Each structure stands twice: as C-alpha cells, then as structure tokens.
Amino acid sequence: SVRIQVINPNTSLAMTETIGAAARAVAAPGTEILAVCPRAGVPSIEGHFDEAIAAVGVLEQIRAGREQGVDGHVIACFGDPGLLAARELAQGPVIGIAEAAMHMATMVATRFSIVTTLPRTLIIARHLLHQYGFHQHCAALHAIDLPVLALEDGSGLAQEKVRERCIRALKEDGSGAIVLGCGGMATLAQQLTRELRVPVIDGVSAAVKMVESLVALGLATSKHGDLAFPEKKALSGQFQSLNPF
C-alpha cells in the first residue's frame, strides 16, 4: 500500500543491505521498502567531493522512484547529499537520515551527541546542524577515526568503537541521547539503546517513519516556489536521463 524508496547514495551493495534491513525492521504493515543505490558513483561517502558525486546518484534514483510512482524517498547517507535537489525532482517527500535522526533526538532529549566515522566528516555534520537549526541541541560531535566501510568489514572493530564512544559521550558531554552519524551504523541503534538505557538513534529507521507519517498525513513536498519542479531544461551528456518529465 505504501512504497518507500530507500536510497543508499554510495555504490556499496554491502551497505545497501544493512540500510535496507534497518528500513524493513521498523516499517509499518503495508509499507514496502525499495532499497536501492546508484549505478555510478563512489563506494563510500567521506568528504565534500564524495557528497557532490553522491548527490547526482541520488537524483538518478529519485527519477527512477518517481517514474515507478513511489510514495516517498529516503537519502541514506549522513551528509544528506542532494536533499533539496531531490525534493525539487520528487513528488513524494524526501527525508535525509541526518535530518531524521536529529529531529527525533530533539523529541526525546534536551541535547544529543553525534558519533560518526572519520574526523573530516565532522565539519559536514556541523554544517547540517546549522542548516537544520539544531546546533544548540548538539552537545558534542565525535569520530571513531575509521573509514565508513570499516563497519562492513566483519571484524566488529568499528562497532566496538561506536559503543565505547557512546559510553564516553554519555559520561562527559552533558547529553541525553546519541545520534549515529553513519548509515552503516543502523544495525547498532536498538542494541545500544537497550544496553545504554538512553535513545541511540539511527536515521535510516527514523527517516522511514517520517515518510510514513507524512504520507498518512497527506503531506508532500511543496511545489510552490523554492522546491518546485526544476525549470524545464536540456540536460547534456550523462545528465540527460535525470529529468525526462
């Protein structure tokens, strides 16, 4: 009855499976998850260059989603790459996983801490905090200092480091909740929540619920003004498939 396109903006099939599984586990009855990734792009997103590439992959999948008539979309990278570009292109609502996780966090705690991957992604998270208006609600940001794909490498090392940093954060930061700063951490939310007895929030699941909520409310992206469909233009080269509408 409700179809939600969950877009992994990176090309890693491994991470697409982690993300898709987290999406399906919290999905309401009647919700179908379509877990996808771009055909062309970058295997993981860890910086501004990666984000700009991922944004175009997101747009490719948004187009696919829209021609399939999906009810909504999630952007399952913590940089929310191409969020506003996607909202212009899409009919249904588009929710980012950083956006969704941060929003939820303000509903269950006064302040939250972020636990992310590499140090260079911290500035990306900071920018989103300021953009979404949640900077005052974030007590601290931490990186585990391992690449994104370390979460899929089978060792459990990155998972253990997330745990240790969550404990440290709750002891030191003066925050009441954790926001996980990576789509690949989606699996850890429920276990850390039960273990640490505080909300540990995965944006993937959170974004699924937001799309479902918006659909049930009969609310979709405003096509009045800023997020109107793109002006009709001739797109050249590899971009020509992006807006057939």
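Numbering starts at 1 and runs along the sequence shown.
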**Prompt:** So which stretch wins on mean C-alpha B-factor, 152-160 or 87-95?
**Reply:** 152-160
**Message:** When the Cα temperature factors in the entry are averaged, is it 168-176 or 78-86 that ends up higher?
**Reply:** 168-176
**Asked** Based on the PDB record, which member of 208, 54, 192, 201 exhibits the highest Cα temperature factor?
**Response** 192
**Prompt:** Comparing residue 25 with the other modelled residues of its chain, is its CA B-factor in the lowest, middle or highest third?
**Reply:** highest
**Chain-relative CA temperature factor third for residue 44** = middle
**Request:** State the tercile, meaning the lowest, middle or highest third, of residue 196 with respect to the CA B-factors recorded for its chain.
**Result:** highest
**Message:** How does the C-alpha B factor of residue 50 compare with the rest of the chain: lowest, middle or highest third?
**Reply:** lowest
**Request:** Would you mind checking where the Cα B-factor of residue 188 ranks among the modelled residues of its chain, as the lowest, middle or highest third?
**Result:** highest
